[PDB]
Every structure is written in C-alpha cells, then in structure tokens.
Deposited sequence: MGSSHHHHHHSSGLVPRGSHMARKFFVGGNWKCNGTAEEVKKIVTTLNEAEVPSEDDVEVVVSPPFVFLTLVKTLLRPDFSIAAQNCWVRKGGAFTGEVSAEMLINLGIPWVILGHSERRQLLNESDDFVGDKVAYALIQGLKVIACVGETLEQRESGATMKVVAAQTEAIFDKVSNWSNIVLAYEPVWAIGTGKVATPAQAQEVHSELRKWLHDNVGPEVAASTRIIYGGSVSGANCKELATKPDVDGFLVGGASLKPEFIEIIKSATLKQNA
C-alpha cells in the first residue's frame, strides 16, 4: 500500500494565507510520487486558485460535494463541477459534517458512491465519538459507518479513521482500530479490497507525533487537520519513508 497523506484545511484561509501555504509546499523536498501520495484540501472558493499555483505532483481535494447530480440545490457543489474544474479528490463524511451538519451514515454512503461513479477519488471518513467509545461501541459504530459506504459502492477509495473521541490517543489504539477496520473489509467486501485499501489516521496529526503512528502496520498514512496549514505538514509527508 502506497503511503497517503491528505491535508484538510477545513474552514480556513484568505487569499494571502493560501499564497504562503502554496509557496511553502512548492519549495519543499519530499519523497517521490512513487513513495508518497499527497493531497491538499482547500475550501471551495480557493480550489481553482490552489489548482493553478500548486506543484502538480500534489493533488487537490474538495472538502465535500453533493449527494447526486447538480441542479436545484442552492449552496451545494456537484461532483461533476469539481471534475469540470480539474479537482481529482473529495473528502466525504468528515466527522464535522456528520456531527454539525447531521450527515447520516447512508447520506455519506450515497455521496461516496456518486462521486466514485463520476470519477472522483474519495477520502471516506469514519470515526466514533467520546460517548460511543466510553460505551464500548467503537467498532460497532465504525463498522456501521463503513458498511453504509460499502452497501452502495473500491479502487478509488481511501478510508480515514478519525478518533473523534480524542484525550490521549496512542499508536496502539490507532493500530487496533485500523486492523479491525481492515478485517471488516476482508470479511465483508473481500480480501483483495482489504489488502489494497489505504486506511489513514486522522487524529490530531503533527510533525511531532506522526513517526510512531506511521510505523504501525495497518496505518497507511494520515488525514492531517490543523498542521496542514503549517510548514510541519512537510515533516508529516516525510514520515512516508
């Protein structure tokens, strides 16, 4: 499995700040496209700006898209719009959309299937809350979330586990969930999907905590949050080696 590092800018950025991030990414030296796959994800309104300024060996993701074809959906952005604009990736089911915008398991599932059929590659996010983990329902929740995406879809998916519950989150806890998610793919979709699908870790990843996580056998990379806005995003990319 090729190491995968995605940077989720979330709802952040001005034109000025975007320019400095992109110039910093453009001047960094990282492993080759055969050793790490790098995706950066700006807000909708900056996607074309980053696309025309960023080095082409990094790819761009949108942070969301609509559940079906375009039309009378004020405020929404369709997969075909992103494809028309040369954006190859999309993040779907991020915990903040599941929690704050009330995206259901099946809604996310329908979104993933529709982006995939149109030709987007998808970082599909799953993750359990603090209360869900305290109750012992980590795997049941994460399995139900992944199942809703599988019920509807495999080559062009990266799975991202978000420890929404985190609190200290250990590499061993990451490996437990990643290995349990891969076994779920093995048992429900097929061993080839399990062996080939990248499962990346999305828990407060920083230059300072990434190395021990990246050595875990079933962690295939990272979905980076706040550090994706910072120069240390480059150190996280270099943990691929």
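Numbered from the first deposited residue, the unresolved ranges run 1-22, 176-177, 191-194, 270-274.
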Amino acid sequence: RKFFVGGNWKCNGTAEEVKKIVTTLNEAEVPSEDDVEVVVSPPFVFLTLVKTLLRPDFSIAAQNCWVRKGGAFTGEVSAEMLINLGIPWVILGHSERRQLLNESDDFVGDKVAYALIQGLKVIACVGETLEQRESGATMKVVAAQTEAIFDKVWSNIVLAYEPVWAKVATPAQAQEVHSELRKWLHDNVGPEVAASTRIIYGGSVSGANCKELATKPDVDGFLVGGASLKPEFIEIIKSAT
From here on, numbers count along this sequence of modelled residues.
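Of the two segments, 220-228 and 21-29, the one listed with the higher mean B-factor is 21-29 (C-alpha atoms only).
The stretch with the higher mean CA B factor, choosing between 40-48 and 194-202, is 194-202. Residue set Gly119, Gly93, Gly75, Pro163: peak C-alpha B-factor at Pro163 (per PDB entry). The PDB entry gives the largest Cα B-factor of the residues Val112, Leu159, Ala79, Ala144 to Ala144. Sort the modelled residues of the chain by CA B factor and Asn188 lands in the highest third. When the modelled residues of the chain are ordered by C-alpha B-factor, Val126 sits in the middle third. Among the modelled residues of its chain, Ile87 has a C-alpha B-factor that falls in the lowest third, as given in the PDB entry. Compared with the other modelled residues of the chain, the Cα B-factor recorded for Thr215 ranks in the highest third.
Ranked against the other modelled residues of its chain, the C-alpha B-factor of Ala240 as given in the entry falls in the highest third.
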